[PDB]
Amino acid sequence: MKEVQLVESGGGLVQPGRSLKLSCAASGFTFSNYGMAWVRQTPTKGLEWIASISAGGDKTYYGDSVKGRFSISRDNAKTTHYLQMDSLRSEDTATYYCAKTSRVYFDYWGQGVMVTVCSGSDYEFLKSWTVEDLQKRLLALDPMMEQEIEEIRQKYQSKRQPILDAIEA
């Protein structure tokens, strides 16, 4: 009768070449009776399987993308499994989901946590600039962020509108 719940934690922003550790706390089942996995998603590339670790935790599997860079593990006495992510690349930017297995498929999925890897782009050119020149670049960068945020608000405000009037009367 227990509802299965998987909860990711960790993630966020990170530089390339550096590291991040994701966590998934699992509830509602006998943890060590089932494999755990990590699957990541982007809007254009869909779902990609990243890593799996067997029930007893003695066997690990990795997708081509992350072989030798990511390491999966689990602490059974803690009902948690981990994805250690090293040598991060820009293209590792994705929503990462944890997942439980049931022999032949993924039966339950986490909430998804966003990992943002910065470009490794060179910023040495900035040193010839003055504080005033550097501030003018900030004043140019923020209007472009604000435009992106405003188009999200508009996307959802047309989603809200029919619900809001259905409620009216």
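In case it trips you up, residue 1 is the first one in the sequence shown, and so on.
Task: Stretch with the greater mean C-alpha B-factor as recorded in the entry, comparing 20-28 against 157-165 - done: Here the higher of the two C-alpha B-factor means belongs to 157-165.
Task: Stretch with the greater mean C-alpha B-factor as recorded in the entry, comparing 62-70 against 104-112 - done: Between 62-70 and 104-112, it is 62-70.
Task: Out of 52, 121, 33, 42, residue topping the C-alpha B-factor column of the entry - done: Highest CA B-factor of the listed options: 121.
Open item on the list: Just to confirm, going by the entry's C-alpha B-factors, which of 94, 99, 83, 77 comes out highest?
Closed with: Highest CA B-factor of the listed options: 77.
Task: Assigned third (lowest, middle, highest) for the C-alpha B factor of residue 14 - done: CA B-factor rank for residue 14: highest third.
TODO: Ordered by C-alpha B-factor within the chain, which third holds residue 48? Give me lowest, middle or highest, please.
DONE: Bottom third by C-alpha B-factor.
Open item on the list: Taking only the Cα B-factors deposited for this chain, tell me whether residue 37 sits in the lowest, middle or highest third.
Closed with: Tercile = lowest for this residue's CA B-factor.
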